[PDB]
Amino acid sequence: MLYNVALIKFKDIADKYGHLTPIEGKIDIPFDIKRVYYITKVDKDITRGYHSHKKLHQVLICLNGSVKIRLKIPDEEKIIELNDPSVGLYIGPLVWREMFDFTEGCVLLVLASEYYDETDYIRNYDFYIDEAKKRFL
């Protein structure tokens, strides 16, 4: 069971003028968008991430190219490749992630429920396991 994770399907409005996916805060995703960020130009052998959050809710969306997201909780690990812009990966609190195999020119957009707060990140895998084992076991 990969708790606290979902794949959310967005509208894809396509005709001869291209494709357009809209995402409205609290409607298409469950939370209000306080912040967005996006990661570009990642080299092919980079893994990034190596963190969880305590309170943040987030949605990951690969808008070009492809990227693989490795998700861990105590005793499970699942790899999800994102390669469709109409699909978002919801990740709740206390899921550990790492991202790798970003293609050229892969674009990974994140919608976040809160402003950037370094103190809400768990960057220590040992602390992570320690807080997570309490939640998931």
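Counting begins at 1, following the sequence as shown.
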62-70 versus 38-46 - which carries the larger mean C-alpha B factor in the record:
38-46
Got a sec? Mean C-alpha B-factor, which is higher, 99-107 or 27-35?
99-107
Entry-reported Cα temperature factor of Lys78, expressed as the chain third it lands in
highest
Going by the recorded CA B-factors, say which third of the chain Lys54 sits in, lowest, middle or highest.
highest
When the deposited Cα B-factors of this chain's modelled residues are ordered and cut into thirds, is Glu114 in the lowest, the middle or the highest one?
lowest
